[PDB]
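Ligands are counted one by one from 1 in listed order, and the atoms in each one are counted from 1 as well. For reference, positions follow the sequence shown, starting with 1.
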Amino acid sequence: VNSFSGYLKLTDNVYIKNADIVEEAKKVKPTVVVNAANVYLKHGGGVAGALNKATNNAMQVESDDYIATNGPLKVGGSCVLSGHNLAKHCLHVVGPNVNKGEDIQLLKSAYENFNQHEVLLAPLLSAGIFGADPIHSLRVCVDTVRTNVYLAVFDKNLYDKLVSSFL
Ligand SMILES: Nc1ncn(CCC[C@H]2CCOC2)c2ncnc1-2
Ligand SMILES: Nc1ncn(CCC[C@H]2CCOC2)c2ncnc1-2
């Protein structure tokens, strides 16, 4: 049993809810919240900007030190950092950004990072300002992630479309 509430079950391991990933993290304090990161961990907008704002910029300060030591992530890669006031840990995952011309085949590699964690609260990778089709992102998630993932879909309109169209 876990603390996640109000989710619709899509498969054995994937659950979905119309929710802002930030308010959900604040309520649950999950072991792992996933950030929709870029390779520079520059948390300007989208899910990353919202998560970072909720940490009072502490996520960005920690991230700048990580990049100064390690250099940029790979598209499709990840790193584990603090979850600050939102979660125990934040898994920063880089999905391909279609609005920068990155290979959408890298979306599967991105979701494979989730398999290193038994339970996660996550957004749909490469959705929103990363420019991918969220229906596609949900299909790759279901077909790639084997651990238990609780997806927070911000847009109510999109949430209803994802559920209604799910095979
Ligand atoms: N502000 C900064 N940003 C980036 N780097 C590169 C770090 C690369 C890693 C990779 C292997 O070990 C070092 C910096 N070095 C010093 N200051 C830096
Ligand atoms: N605070 C937040 N800001 C942005 N997004 C992503 C918005 C993109 C669309 C497409 C997939 O889901 C919504 C969030 N998702 C959950 N919480 C979020």
Side-chain angles (χ1 to χ4, degrees), residues 4-8 10 14-26 28-30 32-75 77-81 83-87 90-100 102 104 107-108 110-111 114 119-145 149-166:
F4 289 105
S5 179
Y7 287 72
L8 174 71
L10 294 174
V14 179
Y15 294 79
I16 194 164
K17 183 186 181 175
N18 157 35
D20 179 334
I21 204 171
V22 187
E23 288 312 314
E24 192 74 3
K26 280 198 287 187
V28 176
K29 288 291 235 92
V32 181
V33 66
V34 173
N35 181 33
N38 60 52
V39 295
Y40 306 108
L41 301 179
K42 286 170 58 89
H43 308 305
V47 164
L51 291 169
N52 175 60
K53 178 177 179 187
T55 76
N56 181 43
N57 210 52
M59 177 180 284
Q60 190 64 66
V61 169
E62 178 194 32
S63 291
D64 292 344
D65 169 87
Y66 173 89
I67 298 285
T69 298
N70 298 107
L73 299 177
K74 301 171 178 178
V75 179
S78 70
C79 68
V80 180
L81 290 172
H84 300 278
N85 55 314
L86 303 179
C90 180
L91 180 70
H92 294 273
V93 179
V94 185
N97 189 327
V98 176
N99 304 318
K100 304 178 173 173
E102 298 170 348
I104 194 60
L107 187 54
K108 188 172 183 75
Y111 273 115
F114 288 27
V119 184
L120 315 87
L121 171 63
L124 286 166
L125 299 180
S126 297
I129 69 175
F130 282 60
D133 174 5
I135 294 176
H136 176 67
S137 182
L138 180 54
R139 181 33 61 191
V140 177
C141 180
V142 159
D143 293 346
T144 306
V145 180
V149 57
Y150 289 85
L151 294 168
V153 178
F154 179 89
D155 185 81
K156 171 59 168 154
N157 180 294
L158 172 60
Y159 171 81
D160 287 348
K161 180 171 142 120
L162 285 168
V163 169
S164 290
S165 58
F166 184 70

Quiz item: If you take all heavy atoms of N35 and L51, which pair is closest and at what distance?
Solution: OD1-CD1, 3.6 Å

Quiz item: Quick one: which of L91, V149, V33 gives a side-chain contact (heavy atoms from CB on, under 4.5 Å) with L121?
Solution: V33

Quiz prompt | Partners passing side-chain contact (heavy atoms from CB on, under 4.5 Å) against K74 (at least two apart in sequence or in another chain) | solution = none

Quiz item: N85 and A54: which non-hydrogen atoms are nearest, and at how many Å?
Solution: ND2-O, 3.0 Å

Quiz item: Taking both backbone and side-chain atoms of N70, is any N or O found less than 3.5 Å from an N or O belonging to ligand 1?
Solution: no

Exercise. Let me know which of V153, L8, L151, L10 forms a side-chain contact (heavy atoms from CB on, under 4.5 Å) with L162.
Key: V153

Quiz item: Less than 4.5 Å apart, any side-chain heavy atom of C79 and any of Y66?
Solution: yes

Exercise. Check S63 against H43 and note the closest heavy-atom contact, atom names and distance.
Key: OG-NE2, 2.8 Å

Quiz item: Hey, which residues fall under 4.0 Å of ligand 2 on heavy atoms?
Solution: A19, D20, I21, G46, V47, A50, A127, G128, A152, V153, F154, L158

Quiz item: Is there any N or O on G71 that sits under 3.5 Å from an N or O of ligand 1?
Solution: no

